[PDB]
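The values are calculated or read from the model by the stated rules, or taken from the named source; these are not laboratory values. As a convention, Cβ positions derive from the backbone with ideal geometry for all residues, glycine included, and neighbour counts pool all protein chains shown.
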Amino acid sequence: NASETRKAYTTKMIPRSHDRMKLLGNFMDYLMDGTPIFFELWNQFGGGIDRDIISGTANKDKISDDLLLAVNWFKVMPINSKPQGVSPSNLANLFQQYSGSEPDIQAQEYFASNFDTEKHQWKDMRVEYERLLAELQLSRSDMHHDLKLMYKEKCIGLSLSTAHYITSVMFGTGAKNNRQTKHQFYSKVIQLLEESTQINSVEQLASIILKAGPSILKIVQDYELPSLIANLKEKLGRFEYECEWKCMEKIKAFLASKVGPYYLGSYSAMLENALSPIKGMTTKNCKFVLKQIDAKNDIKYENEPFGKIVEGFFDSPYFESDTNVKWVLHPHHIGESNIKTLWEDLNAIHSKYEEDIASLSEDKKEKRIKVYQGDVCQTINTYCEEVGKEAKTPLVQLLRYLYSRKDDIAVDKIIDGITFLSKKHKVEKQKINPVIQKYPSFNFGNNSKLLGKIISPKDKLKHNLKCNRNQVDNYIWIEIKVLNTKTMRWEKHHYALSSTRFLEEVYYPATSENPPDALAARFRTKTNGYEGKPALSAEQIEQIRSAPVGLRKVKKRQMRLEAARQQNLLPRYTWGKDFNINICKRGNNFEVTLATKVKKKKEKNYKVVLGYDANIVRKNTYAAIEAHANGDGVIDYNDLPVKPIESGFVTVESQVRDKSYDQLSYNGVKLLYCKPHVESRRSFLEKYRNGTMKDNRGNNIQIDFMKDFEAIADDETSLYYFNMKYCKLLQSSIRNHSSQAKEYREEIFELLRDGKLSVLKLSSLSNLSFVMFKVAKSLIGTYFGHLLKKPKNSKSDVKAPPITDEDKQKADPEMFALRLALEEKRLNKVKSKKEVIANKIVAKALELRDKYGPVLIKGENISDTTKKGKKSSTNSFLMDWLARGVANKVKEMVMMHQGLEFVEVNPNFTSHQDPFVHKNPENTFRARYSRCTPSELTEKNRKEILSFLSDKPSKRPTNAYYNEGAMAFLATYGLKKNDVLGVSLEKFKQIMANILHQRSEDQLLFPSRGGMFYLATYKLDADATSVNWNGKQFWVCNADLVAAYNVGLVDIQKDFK
RNA sequence: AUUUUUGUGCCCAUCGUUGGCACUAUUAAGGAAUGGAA
């Protein structure tokens, strides 16, 4: 009914007096050893659950009652823990022994679920419970009664209450003798004499009954047909009928010895930090096991042979590599269902060789088999490329071992085996959520939490005037209560930290009167709408320019903040006790994290829908569609009316010498200014130009590495692209020379570390760039394997391993170190793309809201949504980290502003969809065309068209739109298939132009597999040109832009009623 | 309650002209793809 999202604010604990700091240090220290016992004990508290205790409880999201008990009786911890371990057999009988019922089918999976046999084992919590009543020696029924109550206040099982609340019921209600009516009603009885008024028909006595409505029915006819001496007796008896915690006191006292004197703030803080894992794990593992068998059950589990033989290629001759690392097989390999088509062709020519083999079937020439051999690969090679051309690329080497057993297994079975393999292989390898208390951290909320409060901005300049200090200091201050161990008292103290980002965001204060009003978002973000670009003043420039390089960057963000406040450009920020301080201490370092909660009623009635495509493979594109559109351009979608407001590529330009440098678009500088570095890398190759390759057909061919390198080294080419392609080339050359595996030691470092334009030095955000790193990692890893091996091959029990990495780094720590560093930047480099894409998506999303209204962001991601029923595997995995991360980030970001909503959506194969044309009212598919000059048209393109039009039947409904385009091709220019055949490309481009000169046109286009040009019914591209394709008017625009709109269209109607 | 030298990151043939940017925290596991064009 309301959005509740709080933003975190990281800060640098600012060291103070060594002694002062130490006081906090211990306080922190004591707490740590304090909450751990609660975690070990509350464990036991959950280890005594009773079937009767849960009786009538229910309120479980479709959760087997028996199953729930299983997670509290005992869980999985570490091998060496306080509680006693258990066996993966008696386990099933224990539940039956404890509950008098063979374990349900939901709790049976939990026990079956895998876990670290190496470092973990299940531990009986019920035993520790019996053990719990051992030392405490509390009465079984006593404890059980007390316990039973705990479950009523959700202090056990699931949906537990606030830590403080649980600490205000167990060790709360501080009153020596002050209960519901202890010193109030009891004193009233003696007060009757004090006032000496006849205690008959007192109006106040009636009001409880009168305000609240046998005995009670006899009070309504009290004197209508003054007894009040029966009410007292009844009250005493009614008060004696009620009961409260009895076993609690022994428990409280026990803690004291270990935990220490009890305080709500601590006794409650220590518990919250301790019980976080317990509650989480239970909820988590429970959710996990709930859906664990969800697919596992109905999920086909019978084609093991298919999967078993499918992988046989991993252990087949086909699988050859250095790292010897087996990767999970998937449907995407083999073009999935697509590969079905190609089998026929293979067998068709296979039979032929078998037939041609009959006619010349003699030991005279075995070259036929070798030639039939090479021919095959080529087909696969084209087939893998072709299919990958517009959809990744299936493994061609894996297809070699897949055909090997042609008669072995069937084609359909293989596809069925791949799907089965896909789930079981990994889906089943999801291990069990173990429960272990990790580093804790207590915060200081305004109220109903640990005593605490951050220096007020109104009392910051008011208390600074008393000390006569600079009206403002770039340092945040805060004060909270704490416990001095030595004195065991409740004292207070002041400490401050400087989160620069937080100063500008919402801490720095605007002194000037009539300053700008705060934004709804309440944060000084440029996205929120504060450029924060104040005119850098005279002294400020001196302040920046003259400062040291190190802090030089921070001071700049420092001087701009003060100038904005000086020029009154600093918008006012509303302030409240809405900040929670989170303090965590590691070593002598304390990681303080402050964040506030944000709430905003959801904008359910949206009039603008924005869909984005964060595709790692293709360029990112943003599209916004107006909902309930009314205007000159309107399209009725399924009796729903809208128009496309705008469509554009997501670009992140970076100010550099007055030149926009897109982080996702850049791919390196021109090889013209990269001549010196290029020459050195080129000089390296000459020594090792000798290498062995493999013919497209399959016969390995030996070639000079340089020739490929030369084509690679051109001024027009980019340094980034060449840098990857170099490693790929560098990979292979060193491969041909495993002997000199330590001879490429220097070059590598230069190439990715000390090198002038090292991959580490310069790193773009373009898809190709991340490519360098992955390819980068392979090369270094590829170096060790060839570098680390025994001279003799296939000996001493099939060679040996690469001594992990732990003992494999000893060979070259620097090298190993580089990889860590290389990875290190990649992860941060990966984060950047995610956070950055969100800002731009949000912004344009936000921009639209301001001009049109509340808008929805349609995103392609598979959320942990309810897909119970029918799910599609093709759409199962079509989004990588970028797609996921962005969507999740956006969904996280959307929490900040009003009128913004984020909806996840199963990824689809929308690559040839038509704007406001698909599923409206019927489905309309088209082909991917590409425009280009007649001057440069390769044979590949010339033969590409032939592929589609080739008279070949295909039951599978795929590539049918391509043929129509081809036909459309001919008819469009009014030509004939045979009017052009085997005319190379010299007489092929000559024909168009005459046909192009007659229509006075240029750069003709055609349907290309995975092109950048598409024919759309509507103008989805502002620069899109209008043209009639085969007598049909269409809007020429970039396919990427069209894709964005398609994503937005998917199930748009479901979110409008 | 005075520290006044820093919250975390990203981009670049010219690490600076005030170069140009973006971000919610711990934690958890895992983390399969030889493509460049203002």
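Laid out as a table, the results:
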item	result
Some residue of region A:97-105 being surrounded by 15 or more Cβ atoms within 10 Å (Cβ to Cβ) and among the hydrophobic types (A, V, I, L, M, F, W, C)	no
For residue A:571: the one exception among (1) under 29 Å from residue A:883 (Cβ atoms); (2) buried (at least 17 other Cβ atoms within 10 Å of the Cβ)	(1)
Region A:741-759 - residue that is part of a loop (DSSP other than H, G, I, E, B) and of a type in the set (A, V, I, L, M) and, of those, surrounded by the fewest Cβ atoms within 10 Å (Cβ to Cβ)	A:757
Hey, residue A:383 away from RNA strand B (no atom under 16 Å from the Cβ) and either assigned by TED's automatic domain parsing to the domain that holds residue A:80 or aromatic (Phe, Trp, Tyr) (or both) or not	no
Verdict on residue A:596 being surrounded by fewer than 20 Cβ atoms within 10 Å (Cβ to Cβ), within 28 Å of residue A:833 (Cα to Cα) and in contact with a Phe, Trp or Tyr (Cβ under 7 Å, 6 or more places away or on another chain)	yes
Qualifying helices (runs of 4 or more DSSP H) (wholly inside region A:944-1057; at least 1 residues being over 39 Å from the mean Cα position of the chain (by Cα))	A:960-973, A:986-998
Test: residue in region A:325-337 that is among the hydroxyl-bearing types (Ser, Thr, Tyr), over 30 Å from the mean Cα position of the chain (by Cα) and closer than 21 Å to residue A:377 by Cα	no
Which listed residue, of A:339, A:334, is buried (at least 18 other Cβ atoms within 10 Å of the Cβ), more than 30 Å from residue A:33 (Cα to Cα), of a type in the set (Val, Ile, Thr) and within 14 Å of RNA strand B (Cβ to nearest atom)	A:334
Checking residue A:762 against (1) among the hydrophobic types (A, V, I, L, M, F, W, C); (2) out of contact with any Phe, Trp or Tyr (no Cβ under 9 Å at 6 or more places or on another chain); (3) surrounded by fewer than 21 Cβ atoms within 10 Å (Cβ to Cβ), the condition it does not meet	(2)
Any chance residue A:138 is among the aliphatic types (A, V, I, L, M) and either over 39 Å from the mean Cα position of the chain (by Cα) or farther than 28 Å from residue A:246 by Cβ (or both)	yes
Number of the condition not met by residue A:550 [criteria: (1) more than 7 Å from RNA strand B (Cβ to nearest atom); (2) at negative phi]	(1)
Tally of residues being of a type outside the set (D, E, K, R), outside any strand (DSSP E or B) and within 26 Å of the chain's Cα centre (by Cα) across region A:561-618	4
Cβ pairs under 8 Å, 6+ apart, first in region A:716-740 and farther than 16 Å from residue A:762 by Cα, second within 7 Å of RNA strand B (Cβ to nearest atom)	A:728/A:775; A:731/A:775
Subset of region A:519-547 (residues that are near RNA strand B (Cβ under 6 Å from one of its atoms) and among the hydrophobic types (A, V, I, L, M, F, W, C))	A:535, A:536, A:541, A:544
Restricting region A:722-768 to residues that are within 16 Å of RNA strand B (Cβ to nearest atom) and touching a strand residue (DSSP E or B) at 6+ places or on another chain (Cβ under 7 Å), the residue that is farthest from residue A:687 (Cα to Cα)	A:732
Condition met for residue A:483 (surrounded by 14 or more Cβ atoms within 10 Å (Cβ to Cβ), closer than 18 Å to residue A:452 by Cα and more than 8 Å from RNA strand B (Cβ to nearest atom))	yes
Selection from region A:498-518 of residues that are buried (at least 16 other Cβ atoms within 10 Å of the Cβ), over 12 Å from residue A:10 (Cβ atoms) and within 16 Å of RNA strand B (Cβ to nearest atom)	A:503, A:504, A:506, A:507, A:508, A:509
Conditions (1) within 16 Å of RNA strand B (Cβ to nearest atom); (2) under 30 Å from residue A:600 (Cα atoms); number of the one not met by residue A:15	(2)
Which listed residue, of A:77, A:28, is surrounded by 14 or more Cβ atoms within 10 Å (Cβ to Cβ), under 30 Å from residue A:580 (Cβ atoms) and within 16 Å of RNA strand B (Cβ to nearest atom)	A:28
Meets criteria (surrounded by 13 or more Cβ atoms within 10 Å (Cβ to Cβ) and either hydroxyl-bearing (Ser, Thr, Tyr) or on the phi > 0 side of the Ramachandran plot (or both)) for residue A:353	yes
Residue A:877 vs. criteria part of a loop (DSSP other than H, G, I, E, B), among the aromatic types (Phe, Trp, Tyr) and farther than 26 Å from residue A:626 by Cα	yes
Subset of region A:435-458 that is near RNA strand B (Cβ under 8 Å from one of its atoms) and either outside any loop (DSSP other than H, G, I, E, B) or touching a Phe, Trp or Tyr at 6+ places or on another chain (Cβ under 9 Å) (or both) - its residue that is nearest to residue A:510 (Cα to Cα)	A:456
Hey, residue A:711 more than 32 Å from the chain's Cα centre (by Cα), in a helix (DSSP H, G or I) and among the hydrophobic types (A, V, I, L, M, F, W, C) or not	yes
Given (1) more than 24 Å from residue A:888 (Cα to Cα); (2) among the charged types (D, E, K, R); (3) not assigned by TED's automatic domain parsing to the domain that holds residue A:498, number of the condition residue A:586 does not satisfy	(3)
Region A:1-16 residues that are among the small types (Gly, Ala, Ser), paired with ones that are outside any strand (DSSP E or B) (beta carbon under 8 Å, 6 or more apart)	A:2/A:601; A:2/A:602; A:3/A:601; A:3/A:602; A:3/A:895
Filter pass, residue A:373 being in a helix (DSSP H, G or I), of a type in the set (S, T, N, Q), more than 41 Å from the chain's Cα centre (by Cα) and over 19 Å from residue A:953 (Cα atoms)	yes
Residues located in region A:628-684, provided they are near RNA strand B (Cβ under 8 Å from one of its atoms), more than 30 Å from residue A:916 (Cα to Cα) and small (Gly, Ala, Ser)	A:654, A:660, A:668
Flag if residue A:837 is of a type outside the set (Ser, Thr, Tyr), surrounded by 13 or more Cβ atoms within 10 Å (Cβ to Cβ) and in contact with a strand residue (DSSP E or B) (Cβ under 9 Å, 6 or more places away or on another chain)	yes
